[PDB]
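Trainee: Shown below is the structure under consideration.
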Amino acid sequence: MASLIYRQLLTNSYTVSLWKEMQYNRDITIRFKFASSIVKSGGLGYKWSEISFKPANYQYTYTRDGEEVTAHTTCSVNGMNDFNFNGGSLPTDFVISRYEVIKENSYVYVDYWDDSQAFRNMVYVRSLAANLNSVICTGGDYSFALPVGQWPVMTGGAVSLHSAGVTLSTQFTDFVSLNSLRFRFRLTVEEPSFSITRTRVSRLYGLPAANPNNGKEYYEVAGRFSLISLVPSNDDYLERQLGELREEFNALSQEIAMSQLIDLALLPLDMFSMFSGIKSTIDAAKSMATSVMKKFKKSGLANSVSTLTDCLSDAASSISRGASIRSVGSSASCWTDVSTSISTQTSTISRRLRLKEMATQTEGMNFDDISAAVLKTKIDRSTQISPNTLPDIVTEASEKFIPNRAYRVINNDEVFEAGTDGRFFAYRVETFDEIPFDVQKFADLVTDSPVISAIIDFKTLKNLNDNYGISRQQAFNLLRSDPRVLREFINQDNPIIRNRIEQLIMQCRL
Amino acid sequence: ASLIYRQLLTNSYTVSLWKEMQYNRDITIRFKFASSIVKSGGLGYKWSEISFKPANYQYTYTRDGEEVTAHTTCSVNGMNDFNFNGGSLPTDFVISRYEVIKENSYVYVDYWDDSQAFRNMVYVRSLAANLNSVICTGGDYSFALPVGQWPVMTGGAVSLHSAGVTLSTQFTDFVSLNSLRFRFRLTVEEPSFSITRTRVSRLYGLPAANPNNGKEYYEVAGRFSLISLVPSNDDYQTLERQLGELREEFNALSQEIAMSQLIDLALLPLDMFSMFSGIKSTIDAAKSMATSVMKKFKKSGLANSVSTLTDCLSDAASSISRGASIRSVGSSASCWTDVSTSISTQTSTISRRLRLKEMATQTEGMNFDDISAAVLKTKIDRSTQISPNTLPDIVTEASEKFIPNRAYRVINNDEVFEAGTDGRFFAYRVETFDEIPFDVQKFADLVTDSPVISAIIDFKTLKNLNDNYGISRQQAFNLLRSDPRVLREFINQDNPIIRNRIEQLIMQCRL
Amino acid sequence: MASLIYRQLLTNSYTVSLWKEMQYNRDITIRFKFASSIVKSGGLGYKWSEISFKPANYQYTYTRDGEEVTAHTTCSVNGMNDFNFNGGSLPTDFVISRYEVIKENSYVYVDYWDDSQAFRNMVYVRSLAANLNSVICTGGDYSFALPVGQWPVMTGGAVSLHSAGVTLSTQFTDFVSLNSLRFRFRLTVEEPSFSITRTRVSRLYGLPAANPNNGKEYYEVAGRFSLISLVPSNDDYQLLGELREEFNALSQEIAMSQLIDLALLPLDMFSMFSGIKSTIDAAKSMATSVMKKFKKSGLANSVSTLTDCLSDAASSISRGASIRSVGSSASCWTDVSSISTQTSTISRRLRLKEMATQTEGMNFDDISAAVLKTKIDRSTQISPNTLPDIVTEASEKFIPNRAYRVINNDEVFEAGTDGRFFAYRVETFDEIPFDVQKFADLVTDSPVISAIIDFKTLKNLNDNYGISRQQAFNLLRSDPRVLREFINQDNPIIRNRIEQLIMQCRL
Ligand SMILES: *[C@@H]1O[C@H](CO)[C@@H](O)[C@H](O)[C@H]1NC(C)=O
């Protein structure tokens with residue numbers, strides 16, 4: 001459990017979240033404006049080349065419900081009809097070679113954009129739809145300034161714009177390029193017609209392309225849109241000296257309670273519990289489990305685990321082991337090997353039981369459990385545990401917490417111990433009395449059978465059985481490293497155990 | 001079946017969308033050049049420039065049974081600027097500058113279609129195409145001079161060979177297209193271009209006056225294979241009354257649920273996949289349901305209480321203020337024996353913390369939340385109104401409001417101590433069930449460390465059964481330990497004192 | 001454990017990453033240039049209609065710290081003031097209707113772009129910052145080409161460019177479109193003023209809009225930028241016929257003692273994909289690649305279908321699916337010589353009991369996964385597109401026939417997918433009629449065990465290599481300790497069975 005957090009870091013290292021589907025629902029005030037292109041031919045001044053529409057950019061600033069919002073609109077037309085009027089071939093007759101008009105068969109496009117969060121990084125959009133209201137575009141009065149004679153005026157023209165389909169588009173300009181929202185509008189001819197006064201043309205529906213605004217600042221229409229777009233999870237599109245952080249640990253040296261520590265080290269403190277409560281203040285939250293894992297699977301522990309896996313696989317499959325490497329006792333196995341007297345051999349064989357402890361081949365208190373409990377106590381009670389600094393501190397912890405530990409194995413009422421400090425014992429279960437430590441049997445048992453972690457190691461167990469005379473059940477449970485009886489003793493206030501626990505603390509400090 | 005709860009809590013850190021798709025498609029690029037003439041003033045013998053322009057062409061051509069709308073845009077770069085002046089007079093034929101295509105120059109062609117490969121193509125890798133080489137021959141452009149003979153530029157042939165491919169963007173006044181950029185190199189051929197009635201001929205290249213030769217387009221076939229990045233949901237181009245209805249559906253299917261098969265299902269490690277693959281129809285290409293449910297799951301009473309238990313063991317182990325403050329019954333306070341709010345009160349307050357022993361792996365028996373999850377799975381699989389959009393926060397409301405009033409027990413040397421959130425507490429013996437005074441300050445020290453077991457077989461029904469349907473020692477031990485073997489044995493032997501308890505639990509998981 | 005890896009694959013199926021937040025910090029040499037637009041009115045040539053600025057593109061190639069980098073810089077100005085100077089209403093007096101001048105109120109924009117990686121796919125950016133140094137920009141000598149008269153020369157003018165905020169922009173052209181970075185610069189007038197000679201204008205500050213480059217090839221200013229952008233993790237965005245034979249060549253070369261030592265380890269995803277000397281792309285996407293095919297197979301579909309049938313057997317009861325049930329009642333764990341047929345059919349779901357964590361012994365799929373991890377670290381032919389569906393063909397075709405047992409009151413009931421059943425007592429091996437309709441009621445709920453030590457070899461062993469009570473109980477329970485102890489005692493009646501298991505783990 002408390003070592004299952006390490007096993008989980010390992011397992012989920014492959015993951016070493018970023019996007020989010022955000023829904024947006026906001027009201028808008030589309031204020032657009034037509035624009036006309038007027039090219040007058042030379043000569044006397046009686047001949048006009050074209051009278052057409054021009055896409056017109058228009059940036060404005062209106063008031064939302066307690067916010068001031070800048071916006072930017074661009075109106076355009078498609079499918080307009082090209083009419084013309086030629087009354088004579090002489091330089092003194094009024095002629096307009098080709099002018100554009102809008103009718104049913106045409107459509108009116110309006111690109112819209114704001115500075116809001118919806119259009120900040122909008123490149124992908126689905127579930128798009130909008131409810132727009134209909135308006136009325138009325139043309140104005142443009143006086144064709146002829147040199148001499150009369151002055152025809154194109155006056156009138158009304159047309160109702162009704163909502164239509166919506167899409168995306170891009171407003172291109174010489175400064176900014178904007179991924180914008182394209183509203184379509186259909187046209188219904190109204191009663192006011194446009195007619196050129198003092199001319200033989202009148203009673204023709206449409207809108208004139210000389211003064212469509214009719215001296216207005218804009219044409220206003222309000223709307224609402226609802227869509228779902230893609231945006232990065234992070235809505236935005238010195239820390240310490242490690243010596244001094246070690247001194248912060250030395251300030252949190254020793255004062256973990258023992259009942260509380262043993263109760264804390266019996267909880268599956270999974271990723272959520274382990275990275276939620278720690279220091280209760282961070283904005284980013286950008287997968288800090290991944291941020292610590294990317295440094296966790298770069299260290300000696302992880303490389304040694306992978307080396308164990310590869311020596312097992314290779315040597316099993318076909319590979320011979322170098323003359324320095326030797327098989328002690330039974331058939332070859334990384335678990336049973338003298339890397340390279342008996343003290344040395346047993347320490348070397350114990351250096352892999354640390355990996356057994358974090359390969360789910362344990363039976364008891366699983367020392368890495370207590371190491372992780374201490375870690376979760378320290379990074380909780382502390383404050384300089386910044387997400388940049390927790391990576392490689394979890395690894396310094398996992399690699400420098402409780403280096404000198406000890407293990408044991410049980411076989412038919414006969415226990416065989418071992419430790420990385422070069423110590424090796426063999427002792428009976430019922431009546432503790434040492435035995436000649438049996439090599440070629442300790443290896444054969446520890447290779448396969450479940451191993452136990454010697455928090456109650458044979459020295460302390462002897463001292464305890466001697467002074468605090470022990471019952472059979474208590475002895476069996478201490479051998480099996482049972483937290484129930486361990487905490488019953490810690491509440492019985494047994495100094496022979498409190499000393500061992502304070503020594504574990506002084507060894508798990510750093 | 002609480003493995004779903006455990007894995008949700010564990011993988012809540014992850015809180016998929018995009019997808020790598022391969023597209024291998026044929027194309028018929030029907031492209032076209034366009035020339036830009038500018039004729040100087042004076043008489044009409046003087047030409048300012050004769051150059052190229054980016055030339056767009058949109059059309060609609062037939063695929064193998066599909067009508068595909070397409071869009072091409074051709075252009076040339078690195079062309080050579082030749083000139084030719086017959087003199088300095090207003091009447092002499094002069095072309096101050098004209099562009100010609102040679103080997104050193106390159107031809108660019110942007111291509112786009114209305115198929116699926118191009119709708120949201122913004123990132124691409126493994127890009128490659130198999131294009132064939134073509135030939136391009138010059139046209140016949142008759143320079144209109146005011147008076148006299150009529151020179152005509154005629155000839156020129158250059159072969160276009162396929163080359164590297166990349167991306168580009170075809171801008172217009174109406175649309176903007178994320179397009180594919182085919183590049184082409186040039187190699188001279190035998191037909192050379194020359195102006196009739198003029199002292200120039202037998203020089204290689206392709207003129208820029210009229211490349212199309214009057215052809216409506218030049219056509220070249222190809223195929224392209226690539227790998228692009230796109231959103232999963234292909235839709236990026238082109239609750240009180242409902243929850244009450246679902247409550248009613250649960251409170252009408254609860255009794256239609258069975259007991260034997262439910263106990264059979266409650267021994268299954270139903271992982272995320274096992275729970276979210278067997279949806280009724282996998283309705284339409286749903287999102288990551290684990291993330292969808294978790295982003296609601298980790299805001300609730302359950303998860304916040306887990307975090308509180310965590311932090312109250314943490315601070316308590318860090319400094320002695322919290323342990324000393326929680327005011328336990330006595331003889332330890334790690335965090336668990338805390339009374340926020342007599343015996344009844346303490347026991348209920350402690351059992352509301354024992355609610356986490358189930359999803360803390362501190363159990364040994366039937367693990368009641370397993371039954372809750374199983375009933376949830378059964379109902380959301382046999383229901384019709386359950387949507388993937390409303391299942392988030394329903395997987396949380398169920399976990400939070402299933403079996404609010406529940407009971408737990410602890411065994412210690414042939415002495416069994418029960419307790420419940422409803423404020424009940426019974427102490428008794430294992431073999432000969434006989435009530436006994438309940439021992440506070442011992443029940444707490446035992447439930448802290450010793451494994452805790454669920455009260456599906458609680459003392460009341462246990463004693464009714466021991467009287468009517470009197471039981472043997474091994475079966476009684478296994479009922480205490482809540483074994484599925486003996487439980488299913490009784491459920492197949494049709495014991496109504498267990499069937500009624502199970503139906504009660506069902507009426508409590510009704511929601 | 002070695003089956004827990006399959007259960008974990010199934011669990012993490014929801015993850016079936018691609019993007020990443022990368023930090024780029026690179027040095028750059030901003031070599032920009034101004035450009036002016038001199039428009040001359042008609043008449044004689046003394047009257048100037050306008051002298052404005054123009055967006056000035058410049059494309060070049062410069063040397064970074066061991067790199068040769070191609071770059072592109074676009075200079076522009078904004079908020080420049082418009083001054084005028086008229087010497088008379090005649091066509092023969094030197095007049096400039098409008099000329100643009102620079103002061104504090106104005107700003108200078110510079111769009112910058114390179115061919116490096118930082119600019120290849122820059123579409124999203126955050127935490128943008130930059131360190132730029134200030135420079136001085138001065139105007140040259142633009143001689144107004146008067147047909148006749150004096151020669152006015154606009155000369156002088158200097159301005160100090162101080163850094164300002166940075167943003168994004170897009171440089172558009174008739175050839176290329178570049179997602180570029182917009183460096184903005186504020187201006188402070190310097191001591192040298194701009195003045196037109198042989199003309200009544202002097203001792204006025206700013207930068208002349210006529211010749212701001214001063215005849216230079218560029219204005220060089222160094223800089224550095226830092227950002228955090230989104231990028232595809234795959235850093236490139238901008239053919240079984242012989243595999244089976246390799247497996248069957250590697251099958252028996254593998255040993256047995258060390259294989260059993262390795263088949264007890266929870267070789268989770270890290271441990272399973274660490275010893276693979278993968279490619280730069282496989283190490284990034286291996287797990288999801290194999291998972292997207294692992295949840296497409298008969299194994300996954302059968303698991304999901306058992307789950308669907310358990311849900312439907314708990315719900316349907318009022319209309320309960322009455323297909324068949326031998327035993328107490330419908331379970332969907334027992335859904336069906338007739339006896340041999342039923343047993344094989346039940347064993348095709350005891351494989352799911354195996355990969356559902358409801359076993360006690362060596363859990364044959366675990367041995368299969370151990371063989372897999374021992375073969376795919378040796379096989380030379382392993383590749384990113386290749387391991388996916390090899391993991392699945394392995395999981396599907398390793399040990400097709402496999403047997404199981406259930407113990408009840410010292411009476412073992414066996415079963416096998418090969419249509420064989422054996423009932424027998426633990427202490428005294430002697431067969432018994434196989435009790436169907438009880439074997440099912442027991443295998444349904446009681447734990448099951450695997451047939452690594454199956455009855456045939458078990459009896460051969462109890463005959464030849466006389467066996468003790470505890471050793472026999474542990475061999476029934478399928479204990480790896482006693483298993484490895486026999487394998488080290490060199491018992492051919494177990495070595496042969498293990499070799500058979502290998503040869504079935506063949507692919
Ligand atoms: C066949 O395998 C054995 C061990 O399994 C090995 O010693 C031998 O060299 C192999 N044969 C060849 C030709 O390599």
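Quick note on naming: the chains in the structure tokens go A, B, ... in the order shown, residues restart at 1 in each chain, and ligands are numbered from 1 in order of appearance.
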When the cut-off is 8 Å and you count only C-alpha atoms and all ligand atoms, which residues lie near ligand 1, shown as an MDAnalysis selection string?
Mentor: (chainID A and resid 318) or (chainID C and resid 252:254)
Trainee: Given a cut-off of 9 Å, which residues of chain A touch chain C, counting only C-alpha atoms, written out as a VMD selection string?
Mentor: chain A and resid 7 10 to 19 121 174 to 177 232 236 to 237 297 303 305 to 307 309 to 310 312 to 318 330 to 333 335 359 to 361 444 to 445 447 to 449
Trainee: Taking N, CA and C atoms for each residue, export the selection above as a compact mmCIF listing (two decimals), in the first residue's frame.
Mentor:
```txt
# COMPACT_ATOMS: atom_id res chain seq x y z
N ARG A 7 5.19 1.26 -6.36
CA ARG A 7 4.82 0.37 -7.46
C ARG A 7 3.91 1.06 -8.47
N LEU A 10 6.02 3.45 -10.58
CA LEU A 10 6.68 2.61 -11.58
C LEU A 10 5.72 2.24 -12.71
N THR A 11 4.60 1.59 -12.37
CA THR A 11 3.64 1.12 -13.37
C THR A 11 3.15 2.25 -14.27
N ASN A 12 2.78 3.39 -13.68
CA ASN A 12 2.25 4.52 -14.42
C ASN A 12 3.34 5.45 -14.95
N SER A 13 4.61 5.07 -14.85
CA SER A 13 5.67 5.81 -15.53
C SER A 13 5.46 5.85 -17.04
N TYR A 14 4.78 4.85 -17.61
CA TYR A 14 4.46 4.86 -19.04
C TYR A 14 3.66 6.09 -19.44
N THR A 15 2.87 6.65 -18.52
CA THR A 15 2.08 7.84 -18.82
C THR A 15 2.94 9.08 -18.99
N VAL A 16 4.19 9.06 -18.53
CA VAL A 16 5.12 10.17 -18.69
C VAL A 16 5.29 10.49 -20.17
N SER A 17 -6.24 15.62 -20.39
CA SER A 17 -5.16 16.01 -19.49
C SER A 17 -4.54 17.34 -19.94
N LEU A 18 -4.16 17.41 -21.22
CA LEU A 18 -3.54 18.60 -21.78
C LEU A 18 -4.56 19.51 -22.45
N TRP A 19 -5.56 18.94 -23.12
CA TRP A 19 -6.65 19.67 -23.74
C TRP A 19 -7.92 19.56 -22.89
N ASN A 121 -8.21 31.30 -28.55
CA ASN A 121 -7.45 30.25 -29.21
C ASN A 121 -8.35 29.38 -30.07
N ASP A 174 -4.19 43.74 -42.67
CA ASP A 174 -2.77 44.07 -42.76
C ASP A 174 -2.06 44.08 -41.41
N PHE A 175 -2.79 43.99 -40.29
CA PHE A 175 -2.22 43.92 -38.95
C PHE A 175 -2.46 42.59 -38.27
N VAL A 176 -3.73 42.16 -38.20
CA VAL A 176 -4.14 40.97 -37.46
C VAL A 176 -4.83 40.00 -38.41
N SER A 177 -4.71 38.71 -38.08
CA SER A 177 -5.49 37.64 -38.69
C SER A 177 -6.27 36.95 -37.58
N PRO A 232 -6.19 24.28 -24.57
CA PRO A 232 -5.33 23.59 -23.60
C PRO A 232 -5.85 23.77 -22.18
N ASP A 236 -3.92 29.72 -20.03
CA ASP A 236 -3.00 30.84 -20.14
C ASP A 236 -2.56 31.12 -21.57
N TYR A 237 -3.01 30.34 -22.55
CA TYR A 237 -2.63 30.55 -23.94
C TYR A 237 -3.47 31.65 -24.57
N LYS A 297 11.69 7.57 -12.48
CA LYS A 297 12.29 6.60 -13.40
C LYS A 297 13.46 7.19 -14.18
N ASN A 303 16.73 2.05 -12.45
CA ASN A 303 17.70 1.38 -13.31
C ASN A 303 18.07 0.01 -12.75
N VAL A 305 16.06 -1.87 -10.90
CA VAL A 305 14.90 -2.71 -11.16
C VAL A 305 14.93 -3.24 -12.59
N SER A 306 15.17 -2.35 -13.55
CA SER A 306 15.25 -2.79 -14.95
C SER A 306 16.44 -3.72 -15.18
N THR A 307 17.52 -3.53 -14.43
CA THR A 307 18.67 -4.42 -14.55
C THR A 307 18.34 -5.81 -14.01
N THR A 309 15.32 -7.08 -14.02
CA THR A 309 14.45 -7.66 -15.04
C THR A 309 15.25 -8.20 -16.22
N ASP A 310 16.30 -7.48 -16.62
CA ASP A 310 17.04 -7.88 -17.81
C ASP A 310 18.02 -9.01 -17.51
N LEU A 312 17.43 -11.37 -15.21
CA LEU A 312 16.50 -12.50 -15.16
C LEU A 312 16.18 -13.00 -16.56
N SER A 313 15.63 -12.12 -17.41
CA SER A 313 15.22 -12.51 -18.75
C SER A 313 16.37 -13.10 -19.55
N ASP A 314 17.49 -12.38 -19.67
CA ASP A 314 18.61 -12.81 -20.49
C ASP A 314 19.22 -14.12 -19.98
N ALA A 315 19.69 -14.11 -18.72
CA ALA A 315 20.34 -15.27 -18.14
C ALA A 315 19.43 -16.50 -18.17
N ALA A 316 18.13 -16.31 -17.93
CA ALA A 316 17.21 -17.42 -18.09
C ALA A 316 17.19 -17.91 -19.53
N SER A 317 17.00 -17.00 -20.49
CA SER A 317 16.80 -17.42 -21.86
C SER A 317 17.99 -18.15 -22.48
N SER A 318 19.14 -17.46 -22.67
CA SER A 318 20.35 -18.17 -23.08
C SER A 318 21.67 -17.71 -22.49
N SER A 330 21.98 -23.30 -5.22
CA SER A 330 21.14 -23.95 -6.22
C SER A 330 21.34 -23.30 -7.59
N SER A 331 20.48 -23.68 -8.54
CA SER A 331 20.53 -23.21 -9.92
C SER A 331 20.60 -21.68 -9.99
N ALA A 332 21.23 -21.20 -11.07
CA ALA A 332 21.49 -19.78 -11.26
C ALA A 332 20.23 -18.93 -11.14
N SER A 333 20.38 -17.77 -10.51
CA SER A 333 19.32 -16.78 -10.39
C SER A 333 19.95 -15.49 -9.90
N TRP A 335 18.49 -13.41 -8.04
CA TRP A 335 18.15 -13.38 -6.62
C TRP A 335 19.13 -14.16 -5.75
N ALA A 359 8.83 -5.21 -5.12
CA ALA A 359 8.33 -6.04 -6.21
C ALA A 359 7.21 -6.96 -5.73
N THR A 360 6.50 -6.56 -4.67
CA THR A 360 5.34 -7.27 -4.14
C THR A 360 5.66 -8.70 -3.69
N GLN A 361 6.93 -9.01 -3.42
CA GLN A 361 7.34 -10.30 -2.87
C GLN A 361 7.55 -10.23 -1.36
N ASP A 444 18.04 -20.76 -0.99
CA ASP A 444 16.95 -21.50 -1.62
C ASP A 444 15.59 -21.11 -1.05
N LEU A 445 15.55 -20.66 0.21
CA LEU A 445 14.29 -20.19 0.77
C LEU A 445 13.99 -18.76 0.35
N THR A 447 14.93 -17.11 -2.20
CA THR A 447 14.73 -16.91 -3.63
C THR A 447 13.25 -16.95 -3.99
N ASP A 448 12.50 -17.89 -3.42
CA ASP A 448 11.11 -18.15 -3.77
C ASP A 448 10.13 -17.77 -2.68
N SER A 449 10.33 -18.26 -1.45
CA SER A 449 9.36 -18.08 -0.38
C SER A 449 9.16 -16.59 -0.06
```
Trainee: Residues at most 12 Å from residue 470 of chain C, counting only C-alpha atoms, excluding those fewer than 3 positions away in the same chain, as a list in words?
Mentor: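 Contacts, in chain order: residues 412 of chain A; 426, 427, 467, 473, 474, 475, 476, 477, 478, 479 and 482 of chain C.
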Trainee: Quick check: residues of chain B within 8 Å of chain C, only C-alpha atoms, returned as a short mmCIF file (atom, residue, chain, number, x, y, z; two decimals) with C-alpha atoms, in the first residue's frame.
Mentor:
```
data_model
loop_
_atom_site.label_atom_id
_atom_site.label_comp_id
_atom_site.auth_asym_id
_atom_site.auth_seq_id
_atom_site.Cartn_x
_atom_site.Cartn_y
_atom_site.Cartn_z
CA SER B 16 -7.83 10.64 -25.26
CA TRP B 18 -7.10 13.72 -30.54
CA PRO B 54 -0.75 33.06 -58.53
CA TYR B 123 -0.63 18.81 -38.68
CA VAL B 124 0.79 16.07 -40.92
CA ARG B 125 3.72 13.65 -40.87
CA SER B 126 5.01 10.78 -43.02
CA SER B 168 0.73 25.60 -47.59
CA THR B 169 -2.37 27.79 -47.25
CA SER B 228 -2.46 13.68 -39.63
CA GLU B 256 -36.41 -6.91 -10.50
CA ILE B 257 -32.71 -7.40 -9.68
CA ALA B 258 -31.78 -10.94 -8.56
CA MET B 259 -29.78 -12.06 -5.52
CA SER B 260 -27.85 -15.17 -6.63
CA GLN B 261 -26.40 -13.57 -9.75
CA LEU B 262 -25.74 -10.35 -7.83
CA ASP B 264 -21.95 -13.95 -8.21
CA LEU B 265 -21.16 -10.56 -9.78
CA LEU B 268 -15.61 -9.85 -9.95
CA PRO B 269 -12.71 -7.34 -10.25
CA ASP B 271 -12.06 -2.76 -13.87
CA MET B 272 -12.78 0.46 -15.78
CA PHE B 273 -12.92 -1.40 -19.10
CA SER B 274 -15.15 -4.14 -17.66
CA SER B 277 -17.30 -1.63 -22.41
CA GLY B 278 -20.62 -3.35 -21.69
CA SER B 288 -13.12 8.91 -22.09
CA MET B 289 -15.73 7.88 -19.54
CA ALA B 290 -13.17 7.36 -16.76
CA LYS B 377 -23.73 -1.70 -12.90
CA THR B 378 -26.85 -3.87 -13.21
CA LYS B 379 -29.16 -0.83 -13.19
CA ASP B 381 -26.90 -1.71 -17.92
CA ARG B 382 -30.63 -2.59 -17.82
CA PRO B 484 -19.38 -15.97 -0.80
CA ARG B 485 -19.30 -19.78 -0.82
CA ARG B 488 -24.44 -18.53 -2.10
CA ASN B 492 -29.51 -21.49 -3.23
#
```
Trainee: Just the residues within 7 Å of residue 266 of chain B, please, counting only C-alpha atoms, with nothing from its chain fewer than 4 positions along; format it as a PDB file with N, CA and C atoms, in the first residue's frame.
Mentor:
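Okay, around07.pdb is ready:
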```pdb
ATOM      1  N   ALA B   1     -15.963  -5.616  -6.241  1.00  0.00           N
ATOM      2  CA  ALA B   1     -16.514  -4.660  -7.193  1.00  0.00           C
ATOM      3  C   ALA B   1     -16.294  -3.198  -6.777  1.00  0.00           C
ATOM      4  N   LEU B 262     -26.383 -11.530  -8.388  1.00  0.00           N
ATOM      5  CA  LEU B 262     -25.736 -10.347  -7.831  1.00  0.00           C
ATOM      6  C   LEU B 262     -24.569 -10.730  -6.928  1.00  0.00           C
ATOM      7  N   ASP B 370     -18.860  -3.109  -2.787  1.00  0.00           N
ATOM      8  CA  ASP B 370     -18.918  -4.031  -3.919  1.00  0.00           C
ATOM      9  C   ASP B 370     -20.357  -4.297  -4.345  1.00  0.00           C
ATOM     10  N   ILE B 371     -21.238  -4.585  -3.380  1.00  0.00           N
ATOM     11  CA  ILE B 371     -22.647  -4.809  -3.702  1.00  0.00           C
ATOM     12  C   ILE B 371     -23.256  -3.546  -4.289  1.00  0.00           C
ATOM     13  N   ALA B 374     -22.138  -3.248  -7.799  1.00  0.00           N
ATOM     14  CA  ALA B 374     -22.761  -4.272  -8.629  1.00  0.00           C
ATOM     15  C   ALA B 374     -24.189  -3.888  -8.993  1.00  0.00           C
TER      16      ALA B 374
END
```
Trainee: Mind giving me the straight-line distance from atom CA of residue 450 of chain A to atom CA of residue 491 of chain A in Å, one decimal?
Mentor: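 Taking atom CA of residue 450 of chain A and atom CA of residue 491 of chain A, their separation equals 28.5 Å.
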Trainee: Would you tabulate, counting only C-alpha atoms, all residues of chain A that have an atom at most 6 Å from an atom of chain B, showing the closest pair of atoms and their distance in Å to one decimal, sorted by chain then ascending number, as JSON lines?
Mentor:
```
{"residue": "A:17", "atom": "CA", "partner": "B:15", "partner_atom": "CA", "distance": 5.4}
{"residue": "A:125", "atom": "CA", "partner": "B:236", "partner_atom": "CA", "distance": 5.4}
{"residue": "A:126", "atom": "CA", "partner": "B:236", "partner_atom": "CA", "distance": 4.7}
{"residue": "A:256", "atom": "CA", "partner": "B:317", "partner_atom": "CA", "distance": 5.4}
{"residue": "A:257", "atom": "CA", "partner": "B:317", "partner_atom": "CA", "distance": 5.4}
{"residue": "A:260", "atom": "CA", "partner": "B:334", "partner_atom": "CA", "distance": 4.8}
{"residue": "A:261", "atom": "CA", "partner": "B:317", "partner_atom": "CA", "distance": 5.9}
{"residue": "A:270", "atom": "CA", "partner": "B:10", "partner_atom": "CA", "distance": 5.2}
{"residue": "A:271", "atom": "CA", "partner": "B:10", "partner_atom": "CA", "distance": 5.5}
{"residue": "A:272", "atom": "CA", "partner": "B:13", "partner_atom": "CA", "distance": 5.9}
{"residue": "A:273", "atom": "CA", "partner": "B:307", "partner_atom": "CA", "distance": 5.9}
{"residue": "A:377", "atom": "CA", "partner": "B:314", "partner_atom": "CA", "distance": 5.4}
{"residue": "A:484", "atom": "CA", "partner": "B:449", "partner_atom": "CA", "distance": 5.4}
```
Trainee: What does the distance between atom CA of residue 395 of chain A and atom CA of residue 296 of chain A come to in Å, to one decimal place?
Mentor: 5.7 Å
Trainee: Nearest to residue 482 of chain A among A:323, A:67, A:334, A:364, with distances taken over only C-alpha atoms: which residue is it?
Mentor: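 Among the listed residues, the smallest separation from residue 482 of chain A belongs to A:364.
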Trainee: Give me, as a PyMOL selection string, the residues of segment 197-438 of chain A that a backbone DSSP run labels strand (DSSP E or B).
Mentor: chain A and resi 204+219-232+326+333+336+338+362+406-410+414-419+426-428+434
Trainee: Just the residues within 9 Å of residue 501 of chain B, please, counting only C-alpha atoms, with nothing from its chain fewer than 4 positions along; format it as a list in words.
Mentor: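 Answer for this query is residues 456, 457, 461, 496, 497, 505 and 506 of chain B.
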Trainee: Residues at most 10 Å from segment 503-506 of chain A, counting only C-alpha atoms, excluding those fewer than 4 positions away in the same chain, as a PyMOL selection string?
Mentor: chain A and resi 253-258+367+370-371+374+401-402+404-405+455+497-499+510
Trainee: For residue 503 of chain B, which residue out of B:109, B:491, B:37, B:302 is the nearest one, using only C-alpha atoms?
Mentor: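 Residue with the minimum atom-to-atom distance to residue 503 of chain B: B:491.
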Trainee: Set the distance at 6 Å and use only C-alpha atoms: which residues neighbour segment 151-165 of chain A once local chain neighbours fewer than 3 positions away are removed? I'd like the list as an MDAnalysis selection string.
Mentor: chainID A and resid 132 134:144 184:190 192:198 206:207
